[PDB]
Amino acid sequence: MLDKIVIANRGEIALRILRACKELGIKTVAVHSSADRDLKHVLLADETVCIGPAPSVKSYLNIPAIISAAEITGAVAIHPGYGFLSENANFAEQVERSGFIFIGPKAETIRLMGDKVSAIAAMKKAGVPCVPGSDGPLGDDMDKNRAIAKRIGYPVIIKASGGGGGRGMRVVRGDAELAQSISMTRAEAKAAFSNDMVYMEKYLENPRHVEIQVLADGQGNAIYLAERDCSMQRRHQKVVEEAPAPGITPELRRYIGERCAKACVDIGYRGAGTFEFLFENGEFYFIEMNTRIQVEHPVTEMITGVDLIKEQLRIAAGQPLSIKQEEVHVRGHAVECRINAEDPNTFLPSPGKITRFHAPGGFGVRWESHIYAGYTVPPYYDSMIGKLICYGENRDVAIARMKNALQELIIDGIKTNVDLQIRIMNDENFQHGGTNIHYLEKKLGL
């Protein structure tokens, strides 16, 4: 078991990682910006290192400072959490080069999944169903590009290979817009990622966003841990996630899960991972893979009983997976509401000092947050300050518990999305289940 790790993150996920470390007897090093001195996990950590000023570029994205903190404390590993450097292959490369364990896959694997074109090619080869597409980068020959779009059939979507999570993409519905749409996506990709490579896919009009959780060790074991429905979103930002996905049969789960686990074996995957799919008309279509542990990981934990962060740490230490596939069983239902410090009218981050705080409790209620009474939410980082996760024997009980929990949650002094989350729980279409990726924005528009 790893002696000491650097938690290379902040907020709720850093606290999540800290708890996992404490359970396994792993010493904690909390690296933090000067604005994050009073973070809950920082105050609970065995050792603390201030790695720079408030802006992320000089703290949480500061590669030399994070590695130096690992060096000075005698830490053996670095957990990147999600966001920041978690998908940075060069960082993972430098970490291993410096002699520390990167809690994640090999840098080569991160690089592969960050290249959406090569990732799709690897998945298609492995037998994972993908979106009908160009199967390769688009060139400058517009006669060829029109032929590809005709073969696929309009509408199509142009996507940046260096993009992801809905960054750098646009829908094309006819030949007249194809040239300009390709050029613009290319230009945006060059400006944002220093990679102008773009590809084409059949545009699915009303899919659900369904993703498969995987775990793979260094002993050759690779398992799938059911799916998550992440369709309740606004402008490429998840709002509510749930597990399992409504309407997904054990047969479908088995079908797509086995294909994801087989892909892990083929590519030599290691650690936690997420296969993102579009789900439409009872069919799965792979779009991208995430190599990090994700925001919405707790819903998977509730329905399987598997502590995913602890599995990450065990894998990194050289231990096999604590569970086999036949030991993985979907039981009950979990819903996650992301709690954001945001203005209800603009959806812009709303930082400030929390004057009164109270967390919900009870059977099946899980609260994941660093916030406390007197805590100031800084303006420099993401708006998400907490996660409320509710579990039940069925979906209806999970939703009922969420409604009760949201009503107990008090966060005064700052503006939050608690009222919005309550509106979503009370939404008849959500209560029926199976709403698509576009539902929330349509609801808010009406």
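In this text, the rigid core denotes the largest set of C-alpha atoms whose superposition between the two forms falls within 1.5 Å. Counting begins at 1, following the sequence as shown.
Relative to the shown model and aligned on the rigid core, the C-alphas in 8 other deposited structures of this protein deviate most, among 140-148 and 205-213, for 140-148. Averaged as a root mean square over residues and superposed structures in 8 other deposited structures of this protein, CA distances to the shown form are larger in 126-134; the pair compared was 126-134 and 323-331 with a core fit. Coordinates for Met169 are present in every one of the other compared entries of this protein that model residues on both sides of it, well short of the third needed to count it as often missing. Modelled in this chain, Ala191 is nonetheless absent from a third or more of the other compared entries whose models extend past it on both sides.
Comparing the deposited coordinates for 187-195 and 79-87, the stretch with the larger average C-alpha B-factor is 187-195. According to the PDB record, 169-177 carries the higher mean C-alpha B-factor of the two stretches 169-177 and 207-215.
Set against one another, the Cα B-factors of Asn221, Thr73, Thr300, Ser369 in the record reach their highest point at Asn221. Ranking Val365, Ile110, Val306, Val335 by Cα temperature factor from the entry places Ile110 first. The PDB entry assigns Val95 a C-alpha temperature factor belonging to the highest third of its chain's modelled residues. In the PDB entry, a CA B factor belonging to the highest third of its chain's modelled residues is recorded for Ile354. In the deposited entry, the Cα temperature factor of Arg16 places it in the lowest third of its chain's modelled residues. When all modelled residues of the chain are sorted by CA temperature factor, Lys310 is found within the lowest third. Ranked against the other modelled residues of its chain, the C-alpha B-factor of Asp143 as given in the entry falls in the middle third.
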